[PDB]
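Undergrad: build me a model:
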Amino acid sequence: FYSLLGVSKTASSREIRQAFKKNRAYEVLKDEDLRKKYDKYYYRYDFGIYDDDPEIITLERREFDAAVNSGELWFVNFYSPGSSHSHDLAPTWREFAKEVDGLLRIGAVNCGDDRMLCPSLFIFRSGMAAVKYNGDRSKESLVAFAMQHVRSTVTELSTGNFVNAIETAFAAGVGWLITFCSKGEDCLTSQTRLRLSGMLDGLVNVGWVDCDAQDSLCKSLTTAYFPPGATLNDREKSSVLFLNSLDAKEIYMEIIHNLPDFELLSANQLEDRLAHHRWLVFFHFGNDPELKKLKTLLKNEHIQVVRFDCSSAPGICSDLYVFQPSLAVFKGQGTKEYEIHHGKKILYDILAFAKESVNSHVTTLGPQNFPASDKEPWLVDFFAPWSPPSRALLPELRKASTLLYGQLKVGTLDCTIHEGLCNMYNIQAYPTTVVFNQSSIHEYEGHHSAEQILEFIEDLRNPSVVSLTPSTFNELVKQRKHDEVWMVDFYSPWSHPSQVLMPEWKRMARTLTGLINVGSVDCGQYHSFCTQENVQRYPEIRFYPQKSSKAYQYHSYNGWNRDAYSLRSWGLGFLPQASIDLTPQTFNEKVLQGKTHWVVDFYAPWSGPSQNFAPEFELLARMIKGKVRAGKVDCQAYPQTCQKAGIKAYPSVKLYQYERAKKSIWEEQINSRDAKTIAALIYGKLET
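TA: Numbers count the residues shown, from 1 in each chain. Right below this line is the structure:
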């Protein structure tokens, strides 16, 4: 199924596509939510246009904002399927991205796959506003426009300045790439050294020497990189990089490979630094050279980039459960608060990971810091780094955590490392997100989105079942407004039938939002008040009706079944009738020969399923009042009427739509037995 497409269960959407582009399994695997459930239980030119072009990052909605604001210059192509002006550009955009590899990031957004997110071209860089490109579509044009947004210093060097640049290099820890030009000869072009300046901004100084002007200087030897401390003289010549190429890319690659690695820290140095500052740390034991750009680009987020040799002090690493070379970002509290980067070690993605992580509140958990016997609310994500859905969840959790600061604590647990711990929470799939709150444990089953995770947390925070006090019972229930109704569960934690009821009580309540207020009263904690209210058995279910001329404070449910459907049905049963009871004559006159929309319940009094649906039908009648009228035909009293309406069994529901233009009624069967569903279905049909 994975290997039917010929990929691994570690495959990205991109690789699923590139492999698909050669069915069923694809539809399952492409869609993140259908891939979830499986994991534990035109094509030539219009599909995955940029899949095979690896210097183009195709961007989705969830990651877009973090990616383009991660710090590199970004140039994004917003396109569409079908749009032949998007097809027109694809070959150019591939070239263009190849041409500027190392200078800026090239991205593609498929507005076909998400218009929500959206033949257009834009430029993005952290801390500007986006700028919309308007020129023609050529490579050389797009290059230039990118260039006018790239910070580049090229400095012309006299003999005096060359020597001083050279001598002050070492103290500055920034070397010089210098081209040497005399006529009759070829040297780097002015646009080239500008491009090199951009590619190596913050890493190397770019300059040039006019060898006609600087005669003596140039007879000490064409482009040369000088590591800081290197010079043209005999003593140091041997570490100068001497190059002949006229091509920016080629020169750049030599330089980037050649640049020093990150500052190495001793154990002492690291503990000192981690205590209060933000650090990106490369752990190794005894990488794309592009990562060396990390230092420049995280400058303004005050994150310093460093590396650490685990082998020089293995205890620092083993306490962090770092067993393999890894990248961590620390957010300023020793080793308490850090996250480990998962996924491919690309500059833009490490950039986004680092800024998002230090600005959020996700903790890396292990056995000791695992919130065990901590009853304060916790949100824990159990995951495995190899899991594409697990990796996608992590940023959404960072987002959610910034909104939850001081409300609940967020952490991740790497099950690949802490298998024991994952086994003891019965984690059967990656990721599994769980809220811990007062001895209770709730598992999230929604879409991996900050929005939806937050919705789910807010719903735990204000549950559908209002947990009542003797005081909130008096304010909320006793003194309810006249048209409010309440259902209350008087329970004890030590009652079996109570423990059985609670989950049914909760499912019922969620269903009744906006219709019936639902509460519960712990008679263990509030004994004398439960005695006051004359509660004799646990559990005891009471309905507090609309206040009216009747003398009944409440009703006790005494029915045999205490499942959610039975209770929903019992409660909805007290609410007012809004349908009318039709006879054969009123049915013909008002529905068949009428000028309005009707919904009609054809039922029989002896019918269990008729009785069970009756309160549901009255809810429908109430909801739709003003747009559609509701009727009931008793098929027992009137079998003749029911037969002519084609009623086989009970209950049946029919929809009647009046179309004024045709002076006629259209008749339709409804198979849903859910008020909300029927209502939508009806409104949906009334405008068409």
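Undergrad: so which residues of the stretch 451-600 of the chain form helices?
TA: Applying DSSP state H, counting those that start in this stretch to the stretch 451-600 of the chain gives helices spanning 470-473, 496-512, 527-532, 564-572, 584-586.
Undergrad: for the fourth one, name the packing helices and strands.
TA: Which is helix 564-572. When contacts are defined as 3 or more C-beta pairs under 8 Å, 6 or more residues apart in numbering; DSSP states H and E, helix 564-572 packs onto helix 496-512, strand 540-544, helix 608-624. C-beta: built from backbone N, CA, C; applies to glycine.
Undergrad: one more time with 6 Å, if that's ok
TA: If contacts are counted by 3 or more C-beta pairs under 6 Å, 6 or more residues apart in numbering; DSSP states H and E, helix 564-572 sits against helix 496-512, helix 608-624.
Undergrad: can you give me the offset of that helix from its chain's centre?
TA: Relative to the chain's own centre, helix 564-572 is displaced by 36 Å; criterion: C-alpha atoms, centre = their mean, to the nearest Å.
Undergrad: dump it to PDB, restricted to CA.
TA: Backbone C-alpha positions of helix 564-572 (Å, rounded to 0.1, in the frame of the first residue of the first chain) are rendered in PDB as follows:
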ATOM      1  CA  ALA A 564     -27.300   9.100  25.800                       C
ATOM      2  CA  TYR A 565     -30.100   8.600  23.200                       C
ATOM      3  CA  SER A 566     -32.700   7.600  25.800                       C
ATOM      4  CA  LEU A 567     -31.800  10.700  28.000                       C
ATOM      5  CA  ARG A 568     -31.600  13.100  25.100                       C
ATOM      6  CA  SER A 569     -35.000  11.800  24.000                       C
ATOM      7  CA  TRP A 570     -36.500  12.000  27.500                       C
ATOM      8  CA  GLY A 571     -35.300  15.600  27.800                       C
ATOM      9  CA  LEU A 572     -36.400  16.800  24.400                       C
END
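Undergrad: ok, and for that helix, which residues are buried?
TA: For helix 564-572, burial by neighbour count (16 or more other C-beta atoms under 10 Å) applies to 564, 566, 567, 568, 569, 570, 571, 572.
Undergrad: the residue lying closest to the second one once chain neighbours are set aside: neighbouring residues, count only.
TA: Same thing as residue 566. Spatial nearest neighbour of residue 566, excluding adjacent residues (C-beta to C-beta, 6 or more residues apart in numbering): residue 559 at 6.0 Å. A count of neighbours around residue 559, defined by other C-beta atoms under 10 Å, yields 12.
Undergrad: same question, residue 525
TA: Using other C-beta under 10 Å, residue 525 has 12 neighbouring residues.
Undergrad: likewise residue 456?
TA: With other C-beta under 10 Å as criterion, residue 456 counts 19.
Undergrad: contacts only, for it.
TA: By C-beta atoms under 6 Å, 6 or more residues apart in numbering, the contact set of residue 456 is 444, 446.
Undergrad: then residue 313?
TA: When contacts are counted by C-beta under 6 Å, 6+ apart, residue 313 touches residue 267.
Undergrad: now do the closest residue to residue 660 other than its chain neighbours against residue 479, distance only.
TA: In space, and not counting its chain neighbours, residue 660 is closest to residue 595: 7.4 Å by C-beta to C-beta, 6+ apart. Computed as C-beta to C-beta, to the nearest Å, the residue 595 to residue 479 distance reads 45 Å.
Undergrad: just name the most buried of the helices and strands packed on helix 564-572.
TA: Mean neighbours per residue, mean count of other C-beta atoms under 10 Å, is largest over these for helix 608-624, with a mean of 19.
Undergrad: tilt between it and helix 564-572?
TA: If you take axes from the mean of the first three to the mean of the last three C-alpha atoms, to 10 degrees, helix 608-624 sits at 60 degrees to helix 564-572.
Undergrad: mind giving me the packing neighbours of helix 608-624?
TA: So helix 608-624, by 3+ C-beta pairs under 6 Å, 6+ apart, packs with helix 564-572, helix 675-685.
Undergrad: run the chain-centre distance for it.
TA: Relative to its chain's centre, helix 608-624 lies at 39 Å (C-alpha atoms, centre = their mean).
Undergrad: what does stretch 603-621 give?
TA: Chain-centre distance of stretch 603-621: 42 Å, with C-alpha atoms, centre = their mean.
Undergrad: if we can go back for a sec, which stretch among the helices and strands packed on helix 564-572 comes nearest residue 188?
TA: Proximity to residue 188 (C-beta to C-beta) singles out helix 496-512 among those, at 68.8 Å.
Undergrad: show me how far the closest one is from its chain's centre.
TA: 31 Å.
Undergrad: and that helix, what does it pack onto?
TA: Looks like helix 496-512 contacts helix 564-572 (3+ C-beta pairs under 6 Å, 6+ apart).
Undergrad: the same query, at a cut-off of 7 Å, please.
TA: Where contact means 3 or more C-beta pairs under 7 Å, 6 or more residues apart in numbering; DSSP states H and E, helix 496-512 is packed against strand 465-467, strand 486-491, strand 517-522, helix 564-572.
Undergrad: double-check that residue 27 belongs to a strand.
TA: No: going by DSSP: H, G, I helix; E, B strand; the rest coil, the assignment for residue 27 is helix, not a strand.
Undergrad: how close does it sit to residue 35?
TA: According to C-beta to C-beta, residue 27 and residue 35 sit 10 Å apart.
Undergrad: more neighbours: the two, which one.
TA: Set residue 27 next to residue 35 and count neighbours by other C-beta under 10 Å: residue 35 wins out with 17 against 10.
Undergrad: which residues touch the strand or helix carrying that one?
TA: Assigned by DSSP states H and E, residue 35 belongs to helix 32-38. Helix 32-38 is contacted from outside by 28, 29, 389, 447, using C-beta atoms under 7 Å, 6 or more residues apart in numbering.
Undergrad: sorry, back to before: my read: the residue nearest to residue 660 touches residue 658, true?
TA: Yes: look at residue 595 against residue 658 with C-beta atoms under 7 Å: they come within range, at 5.5 Å.
Undergrad: of those two, which one has the most company?
TA: More neighbours surround residue 658 than the other of residue 595 and residue 658, with 16 against 9 (other C-beta under 10 Å).
Undergrad: just say helix, strand or coil for the more buried one.
TA: strand.
Undergrad: pretty sure it contacts residue 592?
TA: No: in this structure, residue 658 is not within contact of residue 592 by C-beta under 7 Å, at 10.7 Å.
Undergrad: identify the contacts common to these two.
TA: What both residue 658 and residue 592 touch, as defined by C-beta under 7 Å, 6+ apart, is the set residue 665.
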